[PDB]
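Asker: My questions will all concern the structure given below.
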Amino acid sequence: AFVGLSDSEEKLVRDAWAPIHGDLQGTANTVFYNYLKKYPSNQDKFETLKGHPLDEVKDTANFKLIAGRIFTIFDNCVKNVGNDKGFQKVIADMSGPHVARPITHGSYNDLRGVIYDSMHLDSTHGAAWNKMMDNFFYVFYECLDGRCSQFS
Ligand code: HEM
């Protein structure tokens with residue numbers, strides 16, 4: 001279920017994300033690369049990237065756009081960490097294009113893990129981050145399951 005964050009936890013999430021927020025595209029590029037390198041089955045899910053060596057696509061506009069769009073959503077989630085309806089709407093809107101896609105929960109969770117690992121958070125900040133991410137996935141998976149209207 002969705003579990004709201006405290007004022008102090010919101011601050012922790014904002015602070016945790018600050019290094020990434022100040023280098024959003026650069027972080028996106030690195031994290032998305034590491035994701036596709038560690039879990040190569042996922043590259044084929046992206047039609048613009050399918051059929052090319054990862055090292056060949058990593059420097060392309062197609063690749064950087066995809067990475068940027070993932071991180072822009074997370075950036076907007078962080079922006080809305082204190083507004084549950086707003087946070088839910090960000091996810092609801094991005095969920096639509098994923099509904100019909102053959103992407104496992106494993107793949108989504110693998111991406112979450114790459115992001116977590118890159119952030120090297122202490123346990124206080126990590127706890128708050130995981131509260132937000134648990135909310136993210138609750139909303140996302142509800143929407144993938146056709147129960148997105150509950151957040152409207
Ligand atoms: C959970 C974090 C994720 C976020 C925030 C996110 C966000 C987005 C955004 C903003 C778009 C652009 C909308 C569009 O033009 O379709 C998109 C498209 C897409 N995403 Fe995701 N995504 C996530 C996870 C994933 C994962 C893990 C995969 C595959 C392993 C994936 C596969 C795709 C595909 C296939 C498209 C549309 C086709 C294209 O890439 O051009 N998404 N996503």
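Residue numbers start at 1 in each chain; chains themselves are named A, B, ... in the order of the structure tokens; ligands are numbered from 1 in the order shown.
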Let's see if you can do this: from backbone DSSP, list all helix (DSSP H, G or I) residues in region 31-98 of chain A, as a PyMOL selection string.
Answerer: chain A and resi 31-38+40-45+54-57+61-79+84-98
Asker: Taking C-alpha atoms for each residue, export the selection above as an mmCIF file, in the first residue's frame.
Answerer:
```cif
data_model
loop_
_atom_site.group_PDB
_atom_site.id
_atom_site.type_symbol
_atom_site.label_atom_id
_atom_site.label_comp_id
_atom_site.auth_asym_id
_atom_site.auth_seq_id
_atom_site.Cartn_x
_atom_site.Cartn_y
_atom_site.Cartn_z
ATOM 1 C CA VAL A 31 23.237 4.397 -14.530
ATOM 2 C CA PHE A 32 21.380 3.387 -17.717
ATOM 3 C CA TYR A 33 24.643 2.063 -19.220
ATOM 4 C CA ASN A 34 25.464 0.063 -16.082
ATOM 5 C CA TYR A 35 21.904 -1.309 -16.071
ATOM 6 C CA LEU A 36 22.075 -2.555 -19.662
ATOM 7 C CA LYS A 37 25.625 -3.880 -19.132
ATOM 8 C CA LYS A 38 24.752 -5.835 -15.958
ATOM 9 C CA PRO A 40 21.811 -7.233 -21.101
ATOM 10 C CA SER A 41 18.415 -8.899 -21.831
ATOM 11 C CA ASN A 42 16.850 -5.460 -21.292
ATOM 12 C CA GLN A 43 18.514 -3.697 -24.253
ATOM 13 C CA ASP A 44 16.162 -5.506 -26.680
ATOM 14 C CA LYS A 45 13.103 -3.941 -24.968
ATOM 15 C CA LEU A 54 25.858 -1.554 -26.168
ATOM 16 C CA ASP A 55 29.217 0.261 -26.498
ATOM 17 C CA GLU A 56 28.101 1.420 -29.939
ATOM 18 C CA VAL A 57 24.788 2.923 -28.725
ATOM 19 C CA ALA A 61 21.296 10.659 -28.894
ATOM 20 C CA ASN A 62 18.724 7.813 -28.813
ATOM 21 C CA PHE A 63 20.432 6.284 -25.753
ATOM 22 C CA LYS A 64 20.873 9.555 -23.836
ATOM 23 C CA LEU A 65 17.233 10.531 -24.448
ATOM 24 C CA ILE A 66 15.983 7.227 -22.978
ATOM 25 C CA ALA A 67 18.280 7.518 -19.943
ATOM 26 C CA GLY A 68 17.264 11.161 -19.419
ATOM 27 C CA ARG A 69 13.537 10.399 -19.516
ATOM 28 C CA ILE A 70 13.853 7.729 -16.794
ATOM 29 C CA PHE A 71 15.754 10.135 -14.532
ATOM 30 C CA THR A 72 13.461 13.075 -15.267
ATOM 31 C CA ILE A 73 10.540 11.021 -13.898
ATOM 32 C CA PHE A 74 12.497 10.193 -10.724
ATOM 33 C CA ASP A 75 13.507 13.877 -10.469
ATOM 34 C CA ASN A 76 9.811 14.851 -10.684
ATOM 35 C CA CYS A 77 8.877 12.184 -8.129
ATOM 36 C CA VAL A 78 11.431 13.701 -5.727
ATOM 37 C CA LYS A 79 9.957 17.164 -6.492
ATOM 38 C CA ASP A 84 1.115 12.213 -2.553
ATOM 39 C CA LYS A 85 -1.453 13.042 -5.269
ATOM 40 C CA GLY A 86 1.227 14.857 -7.304
ATOM 41 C CA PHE A 87 3.712 12.012 -6.814
ATOM 42 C CA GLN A 88 1.044 9.499 -7.901
ATOM 43 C CA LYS A 89 0.139 11.577 -10.979
ATOM 44 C CA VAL A 90 3.774 11.664 -12.173
ATOM 45 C CA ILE A 91 3.827 7.849 -12.055
ATOM 46 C CA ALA A 92 0.291 7.387 -13.410
ATOM 47 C CA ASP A 93 1.147 9.439 -16.486
ATOM 48 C CA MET A 94 4.401 7.577 -17.234
ATOM 49 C CA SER A 95 2.781 4.172 -16.550
ATOM 50 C CA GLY A 96 0.552 4.224 -19.667
ATOM 51 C CA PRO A 97 3.309 3.540 -22.258
ATOM 52 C CA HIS A 98 4.559 0.598 -20.107
#
```
Asker: If you count only C-alpha atoms, which residues fall within 7 Å of residue 128 (chain A), apart from same-chain ones fewer than 3 positions away, as a PyMOL selection string?
Answerer: chain A and resi 9+12-13+124-125+131-132
Asker: With distances taken over only C-alpha atoms and all ligand atoms, which of A:104, A:6, A:29, A:60 is nearest to ligand 1?
Answerer: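 Checking each candidate against ligand 1, we get A:104 as the closest.
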Asker: Pick out the residues sitting within 9 Å of residue 135 (chain A), and hand them over as number ranges by chain; count only C-alpha atoms, and ignore anything fewer than 3 positions along from it in its own chain.
Answerer: A: 1-4, 88, 130-132, 138-140
Asker: Which residue, A:50, A:58, A:14, A:120, has the smallest gap to ligand 1 when you use only C-alpha atoms and all ligand atoms?
Answerer: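 The closest residue to ligand 1 is A:50.
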Asker: Determine the nearest neighbour of ligand 1 from the options A:18, A:119, A:127, A:103, counting only C-alpha atoms and all ligand atoms.
Answerer: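 Using only C-alpha atoms and all ligand atoms, the shortest distance to ligand 1 belongs to A:103.
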Asker: In Å, rounded to a single decimal, give me how far CA of residue 136 (chain A) is from CA of residue 30 (chain A).
Answerer: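 Those two atoms sit 21.7 Å apart.
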